[PDB]
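A lone chain, given as structure tokens: the form deposited in one PDB entry.
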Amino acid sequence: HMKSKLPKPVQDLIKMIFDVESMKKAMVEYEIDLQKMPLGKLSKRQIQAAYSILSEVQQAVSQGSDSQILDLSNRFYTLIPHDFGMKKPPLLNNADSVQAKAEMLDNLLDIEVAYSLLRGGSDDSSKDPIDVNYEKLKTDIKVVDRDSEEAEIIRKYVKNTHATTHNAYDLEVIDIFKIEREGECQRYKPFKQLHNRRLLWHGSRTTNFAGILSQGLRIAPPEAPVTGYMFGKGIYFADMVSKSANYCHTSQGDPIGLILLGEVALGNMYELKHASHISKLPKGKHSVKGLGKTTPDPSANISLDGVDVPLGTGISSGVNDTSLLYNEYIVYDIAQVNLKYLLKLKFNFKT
């Protein structure tokens, strides 16, 4: 084929995100049975129905028996086959089980998108499939130059916001990309001038990235159990790189991850300290801020293209009896995010 004119790092990025074997690896990591539920048999309506059953299990847990629950638990395993042999699978009887499976279903939702892009589409052996796959993202991706001003600010954000409690690894920034999802600038227009616009981190496993870049960051669907998400069904960000970077789920065995930087229109924050499984915001609020015990030093906030970058070292927030060690931000309308950058990270596991 014609061999592809995209920069090496952009090509390596497309290779990672569309990797089929990585998709399967993630599925077995969640205990799915690939013989009963292969990648190609994944569908939306099956994920949705599984989300529904998990909402049934949530109802029964909220109202308190291991016996009346057995039936609900079993229905979930009927819909999403797990790898337990001739079995008896573990009982889904608590809040932890609902959170754990809801996460699993979130990931399947993005993997189904990635796989559908790979199998929709046309087949032309004279084209570099790198080029073919890039185009399916409907996202302009450029390499940010190491000596630019935006590179220096991003590297400082990474450098300053690695929490001491996440010191089991550190991060090197391998490549910084600037990304522009088609139509997203247009979608964000209503919020483009809102107060409290912040540049924030969103980490996810590499196998979700094709979905995120084609569809943007999305909210978990109606069917999904609201209780599976600490502040309900929104899009979640951090101001500490290490808190987002933990959601990459990298390891010694695959230590390259991907992390986003999004412009997030927070406006008037509904500030909270403990779990609140809300489905709408109080009138007049635009976001939730989960209040951390530690925050980037407010006084070291800097500007990048008109947007606040909270890149200070962590200090005490002064907030007292909170569930959260670090800040968390949630928006509940997809149009309040505009994705700006994508970092490829190398994780040095010190353990």
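Sequential numbering from 1, following the sequence displayed. Between two forms, the rigid core is the largest collection of C-alphas that superpose within 1.5 Å.
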Legend entry - Count class of deposited residues lacking coordinates, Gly306 to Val307: none
Legend entry - Of 174-182 and 260-268, the one with larger mean CA B-factor: 174-182
Legend entry - Entry-level comparison of average CA B-factors, 68-76 and 100-108, reporting the higher stretch: 68-76
Legend entry - Per the PDB entry, maximal CA B factor within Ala50, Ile302, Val288, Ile315: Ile302
Legend entry - Out of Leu311, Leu54, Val28, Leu324, highest CA B-factor residue: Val28
Legend entry - Lowest, middle or highest third - CA B-factor, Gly203: lowest
Inset, instruction - Determine, from the deposited record, the chain-internal third of the Cα B-factor for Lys142: lowest, middle or highest. - result: highest
Legend entry - Assigned third (lowest, middle, highest) for the C-alpha B factor of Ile153: middle
Legend entry - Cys248, C-alpha B-factor rank within chain (lowest, middle or highest third): lowest
Inset, instruction - Tell me, lowest, middle or highest third: where does the Cα B factor of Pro190 rank within its chain? - result: middle
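Missing here is the form deposited in another entry; even so, the following discussion is about that form.
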Inset, instruction - Kindly specify the one residue in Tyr236, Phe191, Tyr270, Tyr77 whose Cα moves by 2 Å or more between the shown form and the other one, with superposition done on the rigid core. - result: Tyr77
Inset, instruction - Superpose the two forms on their rigid core, then report whether the C-alpha of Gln59 is displaced by 2 angstroms or more between the shown form and the other one. - result: yes
Inset, instruction - For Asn94, state whether the C-alpha moves by 2 Å or more between the shown form and the other one after rigid core superposition. - result: yes
Legend entry - Core fit, then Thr227 C-alpha moves 2 Å or more between the shown form and the other one: yes
Inset, instruction - Might you say whether the CA atoms of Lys243 and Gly228 end up closer or farther apart in the other form than in this form? Their distance differs by 3 Å or more. - result: closer
Inset, instruction - Over in the other structure, so in the other form, do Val98 and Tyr270 pull closer or drift farther apart at the C-alpha level? The difference is 3 angstroms or more. - result: farther
